[PDB]
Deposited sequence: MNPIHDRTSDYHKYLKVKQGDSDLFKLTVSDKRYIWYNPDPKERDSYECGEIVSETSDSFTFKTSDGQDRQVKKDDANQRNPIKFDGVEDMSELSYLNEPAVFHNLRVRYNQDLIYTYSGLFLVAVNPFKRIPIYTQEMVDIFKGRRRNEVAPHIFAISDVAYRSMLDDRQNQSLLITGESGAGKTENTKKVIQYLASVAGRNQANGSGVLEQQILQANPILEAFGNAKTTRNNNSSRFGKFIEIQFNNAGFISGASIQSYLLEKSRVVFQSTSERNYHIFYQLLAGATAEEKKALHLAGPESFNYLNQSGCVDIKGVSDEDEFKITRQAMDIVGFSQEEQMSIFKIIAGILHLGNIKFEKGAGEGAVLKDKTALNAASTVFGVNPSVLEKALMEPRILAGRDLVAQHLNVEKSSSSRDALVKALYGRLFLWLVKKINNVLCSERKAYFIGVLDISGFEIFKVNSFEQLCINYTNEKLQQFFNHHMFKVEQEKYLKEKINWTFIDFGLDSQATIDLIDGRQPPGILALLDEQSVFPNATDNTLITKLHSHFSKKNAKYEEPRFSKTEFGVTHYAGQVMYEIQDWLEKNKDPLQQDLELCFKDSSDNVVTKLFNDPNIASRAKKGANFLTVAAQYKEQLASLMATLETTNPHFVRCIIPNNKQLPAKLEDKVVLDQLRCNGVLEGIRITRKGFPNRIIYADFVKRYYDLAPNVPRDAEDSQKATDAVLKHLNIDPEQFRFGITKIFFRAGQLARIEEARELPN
């Protein structure tokens, strides 16, 4: 039992190291500390100041420099007793303030303990280095173990979900959120690995293997190197791991959301386009290249712009193999693989099209190589394509007349074509995989949601509003959940909004919210960003409290979200809402000779939305997701990025705290701390504090009696504590004081 084996990797990597003695006595000290900001120029940077004296109303402490300051007792961030340093659950801290919470996390992270509970949450800080805690051997130890029986780990929460599912006969969910680069995807993969192991059909698993192999496929197509993460997920996902009544994996399903189609045509400097582009061009056999008109990334417009074509310590060609390998396992026919790659090629081809002017104002294609190349790979007719691009037929009422688009318009059209192809292929890939894995007859499921938390960037656009909208919903679901769960707990022992307004501002029907207004402007071909933003301010500036019209910007607006105010820019929202593609182009592609291509334009389930707008579909999909969640027993993982540089051993208070503020961890604690944060099992209490009362012995039968003895001895303030059927409930700071009590 590595759990009992203080020499195991289990103890080494998941636990705070334990010495010989446990004796209350060791941890003894006269000093009493406080956390203070070594200056409010900061606020997240704190220092430990020893309290040198106090008044009936405040404290006076010394600083690091030796400077003596004073603080209101009522404003003081008391430091928890050293014994509390490193606890596995922040719910165990007596003093539940910000700096204190950060401090526990940091003490843990300093020992490479990246997982910590906070009440209902599992907090996970990216180590930005390898920690060998995800082995089969580590898998093995979390089997059937209670949360309180093993160290914090993603495996642990995974096991608890699996057990609850079987014991309660209730579906489960794991919501894994946080910023880009926080560790969501990695943690998601671990949940699945874990489940695959505890519930897979042993012997050697085919379905299991296919389930495992779907990720890789999806990541090649939906993941890219960004400035925040080398393997950034540019789509959100909800994976449903399906089980039969026996608790064995019976299948799975994947739901994808918000794929960043725009990255296909444009990438910021240092970033890359989707991985597959590089995989194909590196891994294609000199023979497939020829057949694909493939060259180097530098030869491609869509890949030669960012300046970055490789990922440190990443072999595209080696990855291509892995990719093709997975497609094989899942079950992509060579023929299908061919066409997917052809689509990939084609898109690269479309990007190399260079529209020219002169003649007049309308665009011309002096050179058609690229065109020819895309047409071939795609299996469409070049001339048709050609005209569909520059001379699309447009409906002027009764009139359907071809228009001669200029360069920019021609260019944008081409871009829209590429984005549609890519999004549709991605959707097709998903469905293909679901076909393989998905079971119409499942008994139970454990769903994992891997999606960004709130996004507050330099520039916030429509996709940002979407994600933040989802986030308000998940936060509200958390709050509701925390509410019942806390109530139930109090009930089993015998004890004691705002999200709506924001949600309504965005998704309301009457009065209409942001999305309803957006949709409305959507029917008007001539509407503009200016008409839209004016309408939004018209309805909400000084009229809706969660809304703010900027002092000078004419193109932005602010929303007061759970995580704070977010300023959104309205440019192109109209276009984004419609996601238009010229009919001619649809017509062109519908006639493709390619087996896969045909599906993308011919299968309405793929080729279309319903038509509803992008906003309406987003809202709908979010509502279905929440509906599903509502039916589950949920578990929450908050992934935290330690800094903005992708470095290990560098936990930045400011970076971290901001995350704790936005993600609900601190709020949760604020709330918790208001009641009876500390809840201790009778025997546990006595075991540690028996010696504080001339009366009680370590292991006593009447533990509750024994508890009251110490308390009584100590003469603790009654309203400071609460006798529960099996635990002693303590208000904030109580236990710390007691800890502070002489033997």
Write out the missing regions of the deposited sequence in sequence order, one range per stretch.
1, 206-208, 501-507, 622-626, 760-762
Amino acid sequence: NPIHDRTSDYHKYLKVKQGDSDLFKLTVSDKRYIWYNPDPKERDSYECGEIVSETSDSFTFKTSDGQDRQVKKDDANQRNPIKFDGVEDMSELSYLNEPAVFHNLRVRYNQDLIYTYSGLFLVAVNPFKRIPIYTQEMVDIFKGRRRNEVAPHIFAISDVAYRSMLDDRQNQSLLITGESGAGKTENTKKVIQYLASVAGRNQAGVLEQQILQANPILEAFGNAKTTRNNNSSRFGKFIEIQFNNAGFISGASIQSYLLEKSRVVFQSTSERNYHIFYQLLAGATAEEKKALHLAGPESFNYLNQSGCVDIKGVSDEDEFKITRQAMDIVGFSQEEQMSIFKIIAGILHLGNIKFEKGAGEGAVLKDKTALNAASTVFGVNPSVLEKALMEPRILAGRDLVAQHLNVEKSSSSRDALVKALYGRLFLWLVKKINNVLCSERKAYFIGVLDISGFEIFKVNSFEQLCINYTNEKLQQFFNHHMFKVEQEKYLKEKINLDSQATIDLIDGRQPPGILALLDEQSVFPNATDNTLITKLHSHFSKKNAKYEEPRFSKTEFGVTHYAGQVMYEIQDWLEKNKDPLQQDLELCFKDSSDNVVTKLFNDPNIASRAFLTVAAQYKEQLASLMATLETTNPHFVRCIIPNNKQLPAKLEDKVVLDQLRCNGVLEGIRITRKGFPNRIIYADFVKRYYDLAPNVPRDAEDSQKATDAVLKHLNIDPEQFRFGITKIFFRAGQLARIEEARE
From here on, numbers count along this sequence of modelled residues.
Quick note on 485-493 and 182-190: per-entry mean CA temperature factor is higher in 485-493
Which has the higher mean CA temperature factor in the PDB entry, 265-273 or 535-543?
265-273
Among the candidates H713, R688, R679, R43, give the one with the maximum CA B-factor reported in the record.
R688
Per the coordinate record, which of the options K129, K289, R609, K143 holds the highest CA temperature factor?
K289
C-alpha B factor of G513, ranked within the chain: lowest, middle or highest third?
lowest
Third of the chain, ranked by Cα B-factor, where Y10 sits
middle
In terms of the CA temperature factor given in the entry, to which third of its chain does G251 belong: lowest, middle or highest?
lowest
On the chain's distribution of Cα B-factors, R638 falls within the third called lowest
Sorting the chain's modelled residues by C-alpha B-factor and splitting them into thirds places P382 in the middle
